[PDB]
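Okay, target.cif is below, mmCIF, C-alpha atoms:
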```
data_run
#
loop_
_atom_site.group_PDB
_atom_site.id
_atom_site.type_symbol
_atom_site.label_atom_id
_atom_site.label_comp_id
_atom_site.auth_asym_id
_atom_site.auth_seq_id
_atom_site.Cartn_x
_atom_site.Cartn_y
_atom_site.Cartn_z
ATOM 1 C CA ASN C 1 -4.366 9.666 -31.637
ATOM 2 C CA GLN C 2 -7.268 10.409 -29.250
ATOM 3 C CA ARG C 3 -8.855 6.935 -28.866
ATOM 4 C CA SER C 4 -5.691 4.791 -28.709
ATOM 5 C CA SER C 5 -3.881 7.240 -26.363
ATOM 6 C CA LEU C 6 -6.844 6.985 -23.934
ATOM 7 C CA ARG C 7 -6.602 3.141 -23.910
ATOM 8 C CA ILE C 8 -2.864 2.897 -23.047
ATOM 9 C CA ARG C 9 -3.344 5.318 -20.113
ATOM 10 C CA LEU C 10 -6.342 3.188 -18.970
ATOM 11 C CA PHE C 11 -4.151 0.045 -19.176
ATOM 12 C CA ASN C 12 -1.314 1.706 -17.198
ATOM 13 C CA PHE C 13 -3.942 3.078 -14.747
ATOM 14 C CA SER C 14 -5.857 -0.172 -14.112
ATOM 15 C CA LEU C 15 -2.590 -2.176 -13.884
ATOM 16 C CA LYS C 16 -1.447 0.060 -11.000
ATOM 17 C CA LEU C 17 -4.832 -0.426 -9.279
ATOM 18 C CA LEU C 18 -4.177 -4.200 -9.161
ATOM 19 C CA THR C 19 -0.708 -3.940 -7.544
ATOM 20 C CA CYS C 20 -2.061 -1.716 -4.734
ATOM 21 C CA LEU C 21 -5.168 -3.875 -4.168
ATOM 22 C CA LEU C 22 -3.043 -7.071 -4.266
ATOM 23 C CA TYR C 23 -0.791 -5.482 -1.604
ATOM 24 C CA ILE C 24 -3.862 -5.225 0.702
ATOM 25 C CA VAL C 25 -4.505 -8.999 0.549
ATOM 26 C CA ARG C 26 -0.925 -10.193 1.276
ATOM 27 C CA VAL C 27 -0.804 -7.898 4.350
ATOM 28 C CA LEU C 28 -4.073 -9.487 5.612
ATOM 29 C CA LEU C 29 -2.541 -13.034 5.470
ATOM 30 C CA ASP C 30 1.104 -12.593 6.651
ATOM 31 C CA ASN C 31 0.922 -11.528 10.357
ATOM 32 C CA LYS C 32 15.011 -3.705 20.731
ATOM 33 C CA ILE C 33 14.123 -2.516 17.197
ATOM 34 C CA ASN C 34 13.169 -5.438 14.914
ATOM 35 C CA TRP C 35 14.172 -4.963 11.266
ATOM 36 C CA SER C 36 13.297 -8.674 10.791
ATOM 37 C CA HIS C 37 9.564 -7.870 10.463
ATOM 38 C CA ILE C 38 10.230 -4.746 8.309
ATOM 39 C CA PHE C 39 12.259 -6.119 5.323
ATOM 40 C CA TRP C 40 12.307 -9.964 5.532
ATOM 41 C CA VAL C 41 8.514 -10.335 5.119
ATOM 42 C CA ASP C 42 6.952 -13.558 3.781
ATOM 43 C CA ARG C 43 4.925 -12.233 0.838
ATOM 44 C CA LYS C 44 2.576 -14.756 -0.813
ATOM 45 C CA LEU C 45 3.972 -16.609 -3.853
ATOM 46 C CA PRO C 46 0.830 -16.569 -6.085
ATOM 47 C CA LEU C 47 0.163 -12.871 -5.314
ATOM 48 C CA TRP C 48 3.885 -12.095 -5.892
ATOM 49 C CA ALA C 49 3.732 -13.593 -9.423
ATOM 50 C CA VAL C 50 0.930 -11.199 -10.490
ATOM 51 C CA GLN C 51 2.845 -8.172 -9.095
ATOM 52 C CA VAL C 52 5.926 -9.172 -11.175
ATOM 53 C CA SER C 53 3.875 -9.507 -14.408
ATOM 54 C CA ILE C 54 2.339 -6.041 -13.846
ATOM 55 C CA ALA C 55 5.861 -4.689 -13.157
ATOM 56 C CA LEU C 56 7.221 -6.179 -16.423
ATOM 57 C CA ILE C 57 4.359 -4.598 -18.440
ATOM 58 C CA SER C 58 4.825 -1.162 -16.799
ATOM 59 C CA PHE C 59 8.643 -1.433 -17.190
ATOM 60 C CA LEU C 60 8.096 -2.064 -20.930
ATOM 61 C CA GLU C 61 5.530 0.810 -21.100
ATOM 62 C CA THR C 62 8.276 3.194 -19.895
ATOM 63 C CA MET C 63 10.736 1.624 -22.394
ATOM 64 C CA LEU C 64 8.317 2.220 -25.331
ATOM 65 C CA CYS I 1 -3.293 8.102 -2.506
ATOM 66 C CA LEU I 2 -1.266 9.636 0.356
ATOM 67 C CA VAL I 3 -3.701 8.023 2.858
ATOM 68 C CA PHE I 4 -2.856 4.531 1.516
ATOM 69 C CA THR I 5 0.920 5.173 1.664
ATOM 70 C CA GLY I 6 0.749 6.130 5.362
ATOM 71 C CA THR I 7 -1.349 3.086 6.318
ATOM 72 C CA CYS I 8 1.110 0.794 4.500
ATOM 73 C CA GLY I 9 4.389 2.057 5.986
ATOM 74 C CA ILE I 10 3.215 2.629 9.576
ATOM 75 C CA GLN I 11 1.407 -0.736 9.891
ATOM 76 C CA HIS I 12 4.350 -2.519 8.215
ATOM 77 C CA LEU I 13 6.785 -0.879 10.672
ATOM 78 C CA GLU I 14 4.374 -1.481 13.599
ATOM 79 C CA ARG I 15 4.889 -5.276 13.228
ATOM 80 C CA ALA I 16 8.116 -4.736 15.232
ATOM 81 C CA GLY I 17 6.272 -3.056 18.164
ATOM 82 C CA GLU I 18 2.509 -3.260 18.895
ATOM 83 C CA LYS I 19 0.871 -5.010 15.906
ATOM 84 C CA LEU I 20 -1.744 -2.599 14.506
ATOM 85 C CA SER I 21 -4.317 -3.705 11.914
ATOM 86 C CA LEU I 22 -5.301 -1.937 8.663
ATOM 87 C CA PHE I 23 -8.518 -0.773 10.377
ATOM 88 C CA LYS I 24 -6.574 0.714 13.321
ATOM 89 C CA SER I 25 -3.900 2.267 11.045
ATOM 90 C CA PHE I 26 -6.453 3.857 8.654
ATOM 91 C CA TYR I 27 -8.034 5.489 11.734
ATOM 92 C CA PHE I 28 -4.622 6.891 12.764
ATOM 93 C CA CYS I 29 -3.619 8.123 9.278
ATOM 94 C CA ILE I 30 -6.835 9.993 8.399
ATOM 95 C CA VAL I 31 -6.765 11.565 11.906
ATOM 96 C CA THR I 32 -3.222 12.961 11.344
ATOM 97 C CA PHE I 33 -4.057 14.676 8.003
ATOM 98 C CA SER I 34 -7.364 16.080 9.319
ATOM 99 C CA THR I 35 -5.283 17.550 12.229
ATOM 100 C CA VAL I 36 -7.390 16.354 15.190
ATOM 101 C CA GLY I 37 -4.540 14.696 17.095
ATOM 102 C CA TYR I 38 -6.045 11.852 19.131
ATOM 103 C CA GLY I 39 -2.804 10.000 19.846
ATOM 104 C CA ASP I 40 -4.593 6.964 21.306
ATOM 105 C CA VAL I 41 -2.956 4.813 18.641
ATOM 106 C CA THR I 42 0.725 5.868 18.363
ATOM 107 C CA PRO I 43 4.086 4.949 16.732
ATOM 108 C CA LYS I 44 6.407 3.442 19.400
ATOM 109 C CA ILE I 45 9.501 2.703 17.245
ATOM 110 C CA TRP I 46 12.584 4.598 15.925
ATOM 111 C CA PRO I 47 11.631 4.381 12.190
ATOM 112 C CA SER I 48 7.834 4.528 12.852
ATOM 113 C CA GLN I 49 8.150 8.028 14.347
ATOM 114 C CA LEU I 50 10.534 8.956 11.495
ATOM 115 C CA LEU I 51 7.869 8.030 8.908
ATOM 116 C CA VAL I 52 4.889 9.603 10.736
ATOM 117 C CA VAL I 53 6.819 12.909 10.914
ATOM 118 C CA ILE I 54 7.455 12.686 7.138
ATOM 119 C CA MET I 55 3.741 11.844 6.592
ATOM 120 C CA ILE I 56 2.818 15.089 8.401
ATOM 121 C CA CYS I 57 5.584 17.026 6.551
ATOM 122 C CA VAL I 58 4.422 15.694 3.151
ATOM 123 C CA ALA I 59 0.836 16.515 4.258
ATOM 124 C CA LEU I 60 1.882 20.128 5.046
ATOM 125 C CA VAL I 61 3.255 20.359 1.472
ATOM 126 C CA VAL I 62 0.187 18.868 -0.267
ATOM 127 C CA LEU I 63 -3.012 19.867 1.617
ATOM 128 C CA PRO I 64 -2.680 23.702 1.477
ATOM 129 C CA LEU I 65 -1.665 23.669 -2.229
ATOM 130 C CA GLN I 66 -4.710 21.529 -3.168
ATOM 131 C CA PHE I 67 -7.210 23.691 -1.217
ATOM 132 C CA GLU I 68 -5.761 26.860 -2.850
ATOM 133 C CA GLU I 69 -5.937 25.324 -6.358
ATOM 134 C CA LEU I 70 -9.592 24.309 -5.732
ATOM 135 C CA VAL I 71 -10.652 27.824 -4.596
ATOM 136 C CA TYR I 72 -8.775 29.271 -7.631
ATOM 137 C CA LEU I 73 -11.229 27.455 -9.956
ATOM 138 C CA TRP I 74 -14.231 27.914 -7.597
ATOM 139 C CA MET I 75 -13.933 31.728 -7.890
ATOM 140 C CA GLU I 76 -14.209 31.756 -11.702
ATOM 141 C CA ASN I 77 -25.260 26.413 -17.937
ATOM 142 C CA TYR I 78 -28.070 24.194 -19.249
ATOM 143 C CA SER I 79 -27.580 20.396 -19.066
ATOM 144 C CA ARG I 80 -28.513 17.769 -21.693
ATOM 145 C CA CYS J 1 -27.380 18.743 13.134
ATOM 146 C CA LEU J 2 -24.123 16.865 12.417
ATOM 147 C CA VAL J 3 -23.155 17.265 16.117
ATOM 148 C CA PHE J 4 -26.305 15.368 17.206
ATOM 149 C CA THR J 5 -25.708 12.539 14.691
ATOM 150 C CA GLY J 6 -22.183 11.908 16.033
ATOM 151 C CA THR J 7 -23.302 11.867 19.684
ATOM 152 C CA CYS J 8 -26.072 9.376 18.829
ATOM 153 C CA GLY J 9 -24.045 6.803 16.873
ATOM 154 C CA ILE J 10 -20.863 6.845 18.987
ATOM 155 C CA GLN J 11 -22.680 6.628 22.355
ATOM 156 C CA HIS J 12 -25.018 3.936 20.965
ATOM 157 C CA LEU J 13 -22.010 1.908 19.741
ATOM 158 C CA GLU J 14 -20.094 2.626 22.990
ATOM 159 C CA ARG J 15 -22.660 0.535 24.952
ATOM 160 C CA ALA J 16 -20.655 -2.509 23.752
ATOM 161 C CA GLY J 17 -17.349 -1.178 25.207
ATOM 162 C CA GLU J 18 -16.980 1.558 27.875
ATOM 163 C CA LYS J 19 -20.460 3.057 28.442
ATOM 164 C CA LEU J 20 -20.192 6.796 27.691
ATOM 165 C CA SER J 21 -22.990 9.232 28.583
ATOM 166 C CA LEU J 22 -24.547 11.946 26.376
ATOM 167 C CA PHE J 23 -22.558 14.558 28.342
ATOM 168 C CA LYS J 24 -19.264 12.699 27.744
ATOM 169 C CA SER J 25 -20.083 12.001 24.058
ATOM 170 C CA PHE J 26 -21.098 15.628 23.302
ATOM 171 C CA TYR J 27 -17.696 16.673 24.711
ATOM 172 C CA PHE J 28 -15.946 14.207 22.359
ATOM 173 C CA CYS J 29 -17.965 15.122 19.234
ATOM 174 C CA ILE J 30 -17.622 18.924 19.441
ATOM 175 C CA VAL J 31 -13.874 18.449 20.151
ATOM 176 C CA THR J 32 -13.396 16.401 16.928
ATOM 177 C CA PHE J 33 -15.053 18.998 14.624
ATOM 178 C CA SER J 34 -13.239 21.928 16.287
ATOM 179 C CA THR J 35 -9.980 19.960 15.604
ATOM 180 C CA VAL J 36 -8.386 20.137 19.078
ATOM 181 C CA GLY J 37 -7.793 16.396 19.462
ATOM 182 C CA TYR J 38 -7.914 15.609 23.186
ATOM 183 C CA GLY J 39 -8.377 11.849 22.870
ATOM 184 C CA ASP J 40 -9.081 11.393 26.591
ATOM 185 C CA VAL J 41 -12.462 9.921 25.693
ATOM 186 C CA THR J 42 -11.959 7.505 22.754
ATOM 187 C CA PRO J 43 -13.732 4.864 20.588
ATOM 188 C CA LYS J 44 -12.451 1.373 21.564
ATOM 189 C CA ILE J 45 -14.540 -0.791 19.174
ATOM 190 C CA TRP J 46 -14.378 -1.978 15.512
ATOM 191 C CA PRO J 47 -17.515 -0.067 14.324
ATOM 192 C CA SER J 48 -16.991 2.885 16.749
ATOM 193 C CA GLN J 49 -13.685 3.787 15.064
ATOM 194 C CA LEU J 50 -15.345 3.221 11.658
ATOM 195 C CA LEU J 51 -18.035 5.816 12.489
ATOM 196 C CA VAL J 52 -15.701 8.389 14.112
ATOM 197 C CA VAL J 53 -13.524 8.316 10.959
ATOM 198 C CA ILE J 54 -16.658 8.940 8.838
ATOM 199 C CA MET J 55 -17.692 11.756 11.246
ATOM 200 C CA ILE J 56 -14.319 13.446 10.597
ATOM 201 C CA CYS J 57 -14.563 12.713 6.825
ATOM 202 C CA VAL J 58 -18.107 14.157 6.643
ATOM 203 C CA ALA J 59 -16.818 17.109 8.736
ATOM 204 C CA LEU J 60 -13.990 17.700 6.203
ATOM 205 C CA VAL J 61 -16.671 17.869 3.465
ATOM 206 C CA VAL J 62 -19.033 20.247 5.319
ATOM 207 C CA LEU J 63 -17.006 22.709 7.466
ATOM 208 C CA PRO J 64 -14.803 24.297 4.733
ATOM 209 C CA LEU J 65 -17.758 24.677 2.306
ATOM 210 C CA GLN J 66 -19.869 26.463 4.967
ATOM 211 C CA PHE J 67 -17.072 28.883 5.996
ATOM 212 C CA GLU J 68 -16.436 29.737 2.298
ATOM 213 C CA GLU J 69 -20.165 30.314 1.625
ATOM 214 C CA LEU J 70 -20.365 32.614 4.700
ATOM 215 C CA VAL J 71 -17.370 34.765 3.617
ATOM 216 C CA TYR J 72 -18.877 34.918 0.077
ATOM 217 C CA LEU J 73 -21.887 36.834 1.492
ATOM 218 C CA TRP J 74 -19.801 38.724 4.112
ATOM 219 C CA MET J 75 -17.733 40.379 1.336
ATOM 220 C CA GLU J 76 -20.767 41.878 -0.440
ATOM 221 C CA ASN J 77 -29.232 50.443 6.234
ATOM 222 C CA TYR J 78 -31.683 52.124 8.623
ATOM 223 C CA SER J 79 -33.809 49.869 10.879
ATOM 224 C CA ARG J 80 -37.509 50.258 11.788
#
```
Same coordinates, now as structure tokens:
Amino acid sequence: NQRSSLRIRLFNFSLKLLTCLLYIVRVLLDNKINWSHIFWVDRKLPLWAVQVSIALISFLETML
Amino acid sequence: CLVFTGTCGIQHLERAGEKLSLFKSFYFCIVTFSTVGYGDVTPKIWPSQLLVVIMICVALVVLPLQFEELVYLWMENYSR
Amino acid sequence: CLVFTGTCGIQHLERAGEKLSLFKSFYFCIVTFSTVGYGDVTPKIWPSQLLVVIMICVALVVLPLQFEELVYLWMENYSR
């Protein structure tokens, strides 16, 4: 299809916009070679939950 | 897209040594791909240098291939 | 024309932090578009960086299009 194929790519496109733009906000709030600050990083819980839901949709889009 | 990836990784690594902001990192990243080389803001960490080298290496792969593909089309009507 | 615009805005912004002259700013501006990257004179302010990035971004738009348009004519008589 031409119409329906354009919508699923728009959904997968605009989903991946949100995850990148949500990553900007959590960086703005969080604040020897320290690997403490590199990996163990207190990401926000409400902004984490939206990133997981987008990940589950895009994981299922690859499965389909 | 490559500009955003550099600003993420460098700033995230820079939390260990000299806390740069997104504003200060975006200045540094777009400078490195434009090839000015200010070096006023710099990576002062073992993995931060390791990334910034890879950012420049990945930039050397991308930039010349995109400019050549643009001029390929540029070489070769009435509107509504 | 783009050289004058950079020297205006940067020097005007630099009155807030480290007062540069027109002589010192013209050195910095023509260095950034030639792509040497000295960084001895630098922008040390929130909007000064924001401009200098846009100066380099606007330079990336202009410079390659002007060089390509020059070589386009250069590829293709007796005086009075």
- Picked residues, the PyMOL selection byres ((chain C and resi 47-60) around 7), as a ChimeraX atom specification: /C:12,15,19,22,43-46,61-64
- Message: Set the distance at 9 Å and use only C-alpha atoms: which residues neighbour residue 55 (chain J) once local chain neighbours fewer than 6 positions away are removed? I'd like the list as JSON, numbers by chain.
- Response: {"J": [2, 5, 6, 29, 32, 33]}
Set out as JSON lines a contact list for chain J and chain I with a cut-off of 6 Å, giving each residue of chain J that qualifies its closest atom pair and distance in Å to one decimal, counting only C-alpha atoms, ordered by chain and rising residue number.
```
{"residue": "J:35", "atom": "CA", "partner": "I:36", "partner_atom": "CA", "distance": 4.5}
{"residue": "J:36", "atom": "CA", "partner": "I:36", "partner_atom": "CA", "distance": 5.5}
{"residue": "J:37", "atom": "CA", "partner": "I:36", "partner_atom": "CA", "distance": 4.3}
{"residue": "J:38", "atom": "CA", "partner": "I:38", "partner_atom": "CA", "distance": 5.8}
{"residue": "J:39", "atom": "CA", "partner": "I:38", "partner_atom": "CA", "distance": 4.4}
```
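If you apply the PyMOL selection byres ((chain I and resi 18-22) around 9) to this structure, you end up with residues 24, 27, 28 and 31 of chain C; 7, 8, 10, 11, 12, 13, 14, 15, 16, 17, 23, 24, 25, 26, 27, 41, 43 and 44 of chain I.
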- Message: Please check the contacts: residues of chain C at most 12 Å away from chain I, using only C-alpha atoms, listed as a VMD selection string.
- Response: chain C and resid 16 to 17 20 to 21 23 to 41
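Between CA of residue 60 (chain I) and CA of residue 69 (chain J) the interatomic distance comes to 24.5 Å.
CA of residue 56 (chain J) is found 20.2 Å from CA of residue 70 (chain I).
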- Message: Report, in Å with one decimal, the straight-line distance from CA of residue 63 (chain I) to CA of residue 63 (chain J).
- Response: 15.4 Å
Starting from the incomplete input, reconstruct N, CA and C atoms of region 8-22 of chain C and report them as a CSV table (one decimal), keeping the file's coordinate frame.
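Output below, filename selection.csv:
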```csv
chain,number,residue,atom,x,y,z
C,8,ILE,N,-4.2,3.2,-23.6
C,8,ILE,CA,-2.9,2.9,-23.0
C,8,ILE,C,-2.7,3.5,-21.6
C,9,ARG,N,-3.3,4.7,-21.4
C,9,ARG,CA,-3.3,5.3,-20.1
C,9,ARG,C,-4.3,4.6,-19.2
C,10,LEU,N,-5.4,4.1,-19.7
C,10,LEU,CA,-6.3,3.2,-19.0
C,10,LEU,C,-5.7,1.9,-18.6
C,11,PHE,N,-4.9,1.3,-19.4
C,11,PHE,CA,-4.2,0.0,-19.2
C,11,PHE,C,-3.1,0.2,-18.1
C,12,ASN,N,-2.3,1.3,-18.2
C,12,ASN,CA,-1.3,1.7,-17.2
C,12,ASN,C,-2.0,2.1,-15.9
C,13,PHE,N,-3.2,2.7,-15.9
C,13,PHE,CA,-3.9,3.1,-14.7
C,13,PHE,C,-4.4,1.8,-14.0
C,14,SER,N,-5.2,1.0,-14.7
C,14,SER,CA,-5.9,-0.2,-14.1
C,14,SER,C,-4.9,-1.3,-13.7
C,15,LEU,N,-3.7,-1.3,-14.3
C,15,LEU,CA,-2.6,-2.2,-13.9
C,15,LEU,C,-2.1,-1.8,-12.5
C,16,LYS,N,-1.9,-0.5,-12.3
C,16,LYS,CA,-1.4,0.1,-11.0
C,16,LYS,C,-2.5,0.0,-9.9
C,17,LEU,N,-3.8,-0.1,-10.3
C,17,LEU,CA,-4.8,-0.4,-9.3
C,17,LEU,C,-4.6,-1.8,-8.7
C,18,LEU,N,-4.3,-2.8,-9.6
C,18,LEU,CA,-4.2,-4.2,-9.2
C,18,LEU,C,-3.0,-4.4,-8.2
C,19,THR,N,-1.9,-3.8,-8.4
C,19,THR,CA,-0.7,-3.9,-7.5
C,19,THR,C,-1.0,-3.4,-6.1
C,20,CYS,N,-1.7,-2.3,-6.0
C,20,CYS,CA,-2.1,-1.7,-4.7
C,20,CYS,C,-3.1,-2.6,-4.0
C,21,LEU,N,-4.1,-3.0,-4.7
C,21,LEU,CA,-5.2,-3.9,-4.2
C,21,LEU,C,-4.7,-5.3,-3.8
C,22,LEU,N,-3.7,-5.8,-4.6
C,22,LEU,CA,-3.0,-7.1,-4.3
C,22,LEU,C,-2.2,-6.9,-3.0
```
